[PDB]
Amino acid sequence: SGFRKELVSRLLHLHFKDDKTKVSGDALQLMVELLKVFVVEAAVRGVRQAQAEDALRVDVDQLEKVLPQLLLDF
Amino acid sequence: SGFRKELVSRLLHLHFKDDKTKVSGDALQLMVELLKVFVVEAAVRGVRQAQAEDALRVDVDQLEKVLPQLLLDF
Amino acid sequence: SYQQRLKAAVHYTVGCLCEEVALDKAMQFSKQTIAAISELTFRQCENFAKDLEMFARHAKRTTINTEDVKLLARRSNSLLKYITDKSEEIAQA
Amino acid sequence: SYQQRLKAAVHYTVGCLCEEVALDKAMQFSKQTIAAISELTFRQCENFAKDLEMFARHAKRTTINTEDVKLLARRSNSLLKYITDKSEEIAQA
């Protein structure tokens, strides 16, 4: 499971400030991996936080606690 | 009031991984300014937080609340 | 709508990824949490995209390469390592 | 010791800067808070230093310039603007 190249390409091109900007094939494959690790990290850290608070499941409250540090790491 | 070039230079060179690495005069002057803004932001946000909590002075507790976002901005 | 379609596609993949993690960790995610990670992942693409562009043009290039991508992972040793591993594996094929 | 001396020097300037702000805002800082901002500013230099170096070598340079420094301020519009202002003012003299 993971993100499709085309999706990632469209997501990137949405925000480029210049029309000339392009993304190499390898870079795009790498971005696919990078996005997957980002999501997985969010999820895993969310779980650890839920476990630490002894919660039944990961709620938004637990998630929000780990976001600041997650964003610093990326 | 502010940081001296020499202090900043020594601070930077402490962390460079490569001995060839050097810093231009203009860049160093800029770094002096950047560090000042960093400190001032931390101080100003700390105060706003203290005001919001209606505190007497800025304690470490108020400070720690604003750091995550401060670090994201820098 | 264009962005809604992109979002929904992101949301679908985030759902799958989270479900894998819920299995591996024997711990569930609320539907709201999965949605939050999805919005977050969408927002993150903006930062990644803008940074990649600036990193490219900083090296006076208009097309982003894997060095730009590695730079994106510069901030955490374990991340840079993971991303560098993946890049070699990609240069392999 | 070398790093202690650097730290103390940073602490002194942080103290001055904070005191200015405590005046302008009619709000005091505990001594602990000032110390915390000092440690923080010291740690932050490591990140600035490492980034600057990587940004330089990304452009295949060994000497850091003002473009590298501006890149450091890339993440906030108001910061990038402030830093760009200062850089022109510096290129003036």
# chains A, B, ... in the order shown; residues from 1 in each chain; ligands from 1
>>> select_by_dssp(residues="chain D", states="helix (DSSP H, G or I)", output="ChimeraX atom specification")
/D:2-24,31-58,66-72,77-92
>>> select_by_dssp(residues="chain B", states="strand (DSSP E or B)", output="MDAnalysis selection string")
chainID B and resid 22:23 57:58
>>> write_last_selection(atoms="C-alpha atoms", output="PDB file, in the first residue's frame")
ATOM      1  CA  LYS B  22      33.353  29.609   5.439  1.00  0.00           C
ATOM      2  CA  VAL B  23      30.831  32.428   5.813  1.00  0.00           C
ATOM      3  CA  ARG B  57       5.419  37.544  34.394  1.00  0.00           C
ATOM      4  CA  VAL B  58       6.706  35.216  31.701  1.00  0.00           C
TER       5      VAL B  58
END
>>> atom_distance(atom1="atom CA of residue D:52", atom2="atom CA of residue D:71")
8.4 Å
>>> interface_residues(of="chain B", to="chain A", cutoff="9 Å", atoms="only C-alpha atoms", output="list in words")
residues 68, 69, 71 and 72 of chain B
>>> calpha_fit_and_write(fixed="chain A", moving="chain B", output="PDB file with C-alpha atoms, in the first residue's frame")
ATOM      1  CA  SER B   1      -0.013   0.008   0.011  1.00  0.00           C
ATOM      2  CA  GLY B   2       1.039   3.584  -0.793  1.00  0.00           C
ATOM      3  CA  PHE B   3       0.667   6.686  -3.003  1.00  0.00           C
ATOM      4  CA  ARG B   4       0.559   6.610  -6.795  1.00  0.00           C
ATOM      5  CA  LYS B   5       3.124   8.677  -8.719  1.00  0.00           C
ATOM      6  CA  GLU B   6       0.402  10.498 -10.665  1.00  0.00           C
ATOM      7  CA  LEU B   7      -1.343  11.564  -7.474  1.00  0.00           C
ATOM      8  CA  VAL B   8       1.907  12.838  -6.015  1.00  0.00           C
ATOM      9  CA  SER B   9       2.824  14.669  -9.232  1.00  0.00           C
ATOM     10  CA  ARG B  10      -0.520  16.448  -9.351  1.00  0.00           C
ATOM     11  CA  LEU B  11      -0.222  17.305  -5.655  1.00  0.00           C
ATOM     12  CA  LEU B  12       3.213  18.861  -6.184  1.00  0.00           C
ATOM     13  CA  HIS B  13       2.316  20.776  -9.359  1.00  0.00           C
ATOM     14  CA  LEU B  14      -0.634  22.309  -7.507  1.00  0.00           C
ATOM     15  CA  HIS B  15       1.790  24.454  -5.504  1.00  0.00           C
ATOM     16  CA  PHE B  16       4.707  25.232  -7.793  1.00  0.00           C
ATOM     17  CA  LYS B  17       5.014  29.017  -8.259  1.00  0.00           C
ATOM     18  CA  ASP B  18       6.604  28.700 -11.703  1.00  0.00           C
ATOM     19  CA  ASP B  19       5.285  26.854 -14.761  1.00  0.00           C
ATOM     20  CA  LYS B  20       8.785  25.791 -15.848  1.00  0.00           C
ATOM     21  CA  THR B  21       9.142  23.740 -12.678  1.00  0.00           C
ATOM     22  CA  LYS B  22       9.228  19.997 -13.288  1.00  0.00           C
ATOM     23  CA  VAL B  23      10.019  16.895 -11.239  1.00  0.00           C
ATOM     24  CA  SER B  24      12.353  14.113 -12.361  1.00  0.00           C
ATOM     25  CA  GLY B  25      11.127  10.511 -12.370  1.00  0.00           C
ATOM     26  CA  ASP B  26      13.430   9.434  -9.569  1.00  0.00           C
ATOM     27  CA  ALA B  27      12.576  12.458  -7.433  1.00  0.00           C
ATOM     28  CA  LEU B  28       8.889  11.648  -7.872  1.00  0.00           C
ATOM     29  CA  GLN B  29       9.423   8.059  -6.817  1.00  0.00           C
ATOM     30  CA  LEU B  30      11.281   9.370  -3.776  1.00  0.00           C
ATOM     31  CA  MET B  31       8.433  11.740  -2.972  1.00  0.00           C
ATOM     32  CA  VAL B  32       6.073   8.778  -3.033  1.00  0.00           C
ATOM     33  CA  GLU B  33       8.208   7.176  -0.329  1.00  0.00           C
ATOM     34  CA  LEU B  34       8.628  10.355   1.680  1.00  0.00           C
ATOM     35  CA  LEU B  35       4.853  10.926   1.831  1.00  0.00           C
ATOM     36  CA  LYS B  36       4.290   7.347   2.958  1.00  0.00           C
ATOM     37  CA  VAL B  37       6.788   7.734   5.809  1.00  0.00           C
ATOM     38  CA  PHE B  38       5.137  11.023   6.807  1.00  0.00           C
ATOM     39  CA  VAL B  39       1.723   9.402   7.075  1.00  0.00           C
ATOM     40  CA  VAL B  40       3.043   6.319   8.861  1.00  0.00           C
ATOM     41  CA  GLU B  41       4.944   8.451  11.396  1.00  0.00           C
ATOM     42  CA  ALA B  42       1.826  10.467  12.157  1.00  0.00           C
ATOM     43  CA  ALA B  43      -0.101   7.209  12.663  1.00  0.00           C
ATOM     44  CA  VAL B  44       2.569   5.465  14.761  1.00  0.00           C
ATOM     45  CA  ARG B  45       3.188   8.481  17.019  1.00  0.00           C
ATOM     46  CA  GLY B  46      -0.546   8.881  17.429  1.00  0.00           C
ATOM     47  CA  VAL B  47      -0.775   5.317  18.673  1.00  0.00           C
ATOM     48  CA  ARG B  48       2.153   5.671  21.092  1.00  0.00           C
ATOM     49  CA  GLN B  49       0.420   8.758  22.503  1.00  0.00           C
ATOM     50  CA  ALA B  50      -2.857   6.850  22.870  1.00  0.00           C
ATOM     51  CA  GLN B  51      -0.986   4.035  24.646  1.00  0.00           C
ATOM     52  CA  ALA B  52       0.767   6.525  26.956  1.00  0.00           C
ATOM     53  CA  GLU B  53      -2.612   8.020  27.915  1.00  0.00           C
ATOM     54  CA  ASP B  54      -4.029   4.533  28.109  1.00  0.00           C
ATOM     55  CA  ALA B  55      -6.771   5.349  25.597  1.00  0.00           C
ATOM     56  CA  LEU B  56      -9.027   2.901  23.748  1.00  0.00           C
ATOM     57  CA  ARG B  57      -8.300   4.310  20.303  1.00  0.00           C
ATOM     58  CA  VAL B  58      -6.460   7.182  18.663  1.00  0.00           C
ATOM     59  CA  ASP B  59      -8.678  10.268  18.893  1.00  0.00           C
ATOM     60  CA  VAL B  60      -7.929  13.696  17.428  1.00  0.00           C
ATOM     61  CA  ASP B  61      -6.867  14.849  20.906  1.00  0.00           C
ATOM     62  CA  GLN B  62      -4.018  12.308  20.971  1.00  0.00           C
ATOM     63  CA  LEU B  63      -3.074  13.160  17.419  1.00  0.00           C
ATOM     64  CA  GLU B  64      -2.759  16.896  18.039  1.00  0.00           C
ATOM     65  CA  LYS B  65      -0.280  16.238  20.830  1.00  0.00           C
ATOM     66  CA  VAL B  66       2.274  14.711  18.462  1.00  0.00           C
ATOM     67  CA  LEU B  67       1.896  17.021  15.451  1.00  0.00           C
ATOM     68  CA  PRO B  68       4.174  19.846  16.564  1.00  0.00           C
ATOM     69  CA  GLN B  69       7.147  17.512  16.921  1.00  0.00           C
ATOM     70  CA  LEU B  70       6.186  15.599  13.757  1.00  0.00           C
ATOM     71  CA  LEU B  71       6.208  18.835  11.749  1.00  0.00           C
ATOM     72  CA  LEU B  72       9.596  19.762  13.141  1.00  0.00           C
ATOM     73  CA  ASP B  73      10.997  16.419  11.982  1.00  0.00           C
ATOM     74  CA  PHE B  74       9.706  17.120   8.456  1.00  0.00           C
TER      75      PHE B  74
END
>>> atom_distance(atom1="atom CA of residue D:36", atom2="atom CA of residue D:6")
15.3 Å
>>> interface_residues(of="chain D", to="chain B", cutoff="8 Å", atoms="only C-alpha atoms", output="ChimeraX atom specification")
/D:6,9-10,13-14,16-18,21,25,27-30,32-33,36-37,41-42,45-46,48-50,53,62-66,68-69,72-73,75-76,83,86-87,90-91
>>> decode(residues="stretch 20-32 of chain B", atoms="N, CA, C and O atoms", output="PDB file, in the first residue's frame")
ATOM      1  N   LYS B  20      36.519  23.330   5.256  1.00  0.00           N
ATOM      2  CA  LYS B  20      36.543  24.275   4.139  1.00  0.00           C
ATOM      3  C   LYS B  20      35.434  25.319   4.248  1.00  0.00           C
ATOM      4  O   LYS B  20      35.500  26.388   3.637  1.00  0.00           O
ATOM      5  N   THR B  21      34.405  25.001   5.024  1.00  0.00           N
ATOM      6  CA  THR B  21      33.216  25.836   5.074  1.00  0.00           C
ATOM      7  C   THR B  21      33.552  27.178   5.670  1.00  0.00           C
ATOM      8  O   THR B  21      34.161  27.242   6.742  1.00  0.00           O
ATOM      9  N   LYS B  22      33.142  28.241   4.973  1.00  0.00           N
ATOM     10  CA  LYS B  22      33.353  29.609   5.439  1.00  0.00           C
ATOM     11  C   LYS B  22      32.076  30.411   5.242  1.00  0.00           C
ATOM     12  O   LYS B  22      31.175  29.979   4.532  1.00  0.00           O
ATOM     13  N   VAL B  23      32.007  31.576   5.874  1.00  0.00           N
ATOM     14  CA  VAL B  23      30.831  32.428   5.813  1.00  0.00           C
ATOM     15  C   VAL B  23      31.211  33.824   5.332  1.00  0.00           C
ATOM     16  O   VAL B  23      32.095  34.472   5.903  1.00  0.00           O
ATOM     17  N   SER B  24      30.540  34.303   4.294  1.00  0.00           N
ATOM     18  CA  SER B  24      30.853  35.621   3.751  1.00  0.00           C
ATOM     19  C   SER B  24      30.493  36.709   4.760  1.00  0.00           C
ATOM     20  O   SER B  24      29.736  36.457   5.714  1.00  0.00           O
ATOM     21  N   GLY B  25      31.032  37.914   4.551  1.00  0.00           N
ATOM     22  CA  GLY B  25      30.848  38.998   5.506  1.00  0.00           C
ATOM     23  C   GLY B  25      29.402  39.426   5.586  1.00  0.00           C
ATOM     24  O   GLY B  25      28.856  39.664   6.676  1.00  0.00           O
ATOM     25  N   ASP B  26      28.775  39.525   4.417  1.00  0.00           N
ATOM     26  CA  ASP B  26      27.367  39.906   4.337  1.00  0.00           C
ATOM     27  C   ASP B  26      26.474  38.865   4.984  1.00  0.00           C
ATOM     28  O   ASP B  26      25.610  39.202   5.809  1.00  0.00           O
ATOM     29  N   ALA B  27      26.690  37.599   4.630  1.00  0.00           N
ATOM     30  CA  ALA B  27      25.952  36.503   5.261  1.00  0.00           C
ATOM     31  C   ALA B  27      26.043  36.572   6.786  1.00  0.00           C
ATOM     32  O   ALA B  27      25.043  36.371   7.492  1.00  0.00           O
ATOM     33  N   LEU B  28      27.234  36.874   7.299  1.00  0.00           N
ATOM     34  CA  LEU B  28      27.430  36.903   8.738  1.00  0.00           C
ATOM     35  C   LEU B  28      26.644  38.050   9.346  1.00  0.00           C
ATOM     36  O   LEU B  28      26.050  37.919  10.427  1.00  0.00           O
ATOM     37  N   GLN B  29      26.628  39.181   8.647  1.00  0.00           N
ATOM     38  CA  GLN B  29      25.874  40.321   9.144  1.00  0.00           C
ATOM     39  C   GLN B  29      24.402  39.951   9.181  1.00  0.00           C
ATOM     40  O   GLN B  29      23.700  40.236  10.147  1.00  0.00           O
ATOM     41  N   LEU B  30      23.948  39.280   8.127  1.00  0.00           N
ATOM     42  CA  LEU B  30      22.567  38.795   8.066  1.00  0.00           C
ATOM     43  C   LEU B  30      22.236  37.842   9.212  1.00  0.00           C
ATOM     44  O   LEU B  30      21.156  37.937   9.831  1.00  0.00           O
ATOM     45  N   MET B  31      23.165  36.928   9.503  1.00  0.00           N
ATOM     46  CA  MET B  31      22.960  35.991  10.587  1.00  0.00           C
ATOM     47  C   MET B  31      22.802  36.698  11.913  1.00  0.00           C
ATOM     48  O   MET B  31      22.005  36.275  12.772  1.00  0.00           O
ATOM     49  N   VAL B  32      23.541  37.790  12.075  1.00  0.00           N
ATOM     50  CA  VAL B  32      23.430  38.607  13.286  1.00  0.00           C
ATOM     51  C   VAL B  32      21.998  39.101  13.462  1.00  0.00           C
ATOM     52  O   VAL B  32      21.446  39.111  14.578  1.00  0.00           O
TER      53      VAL B  32
END
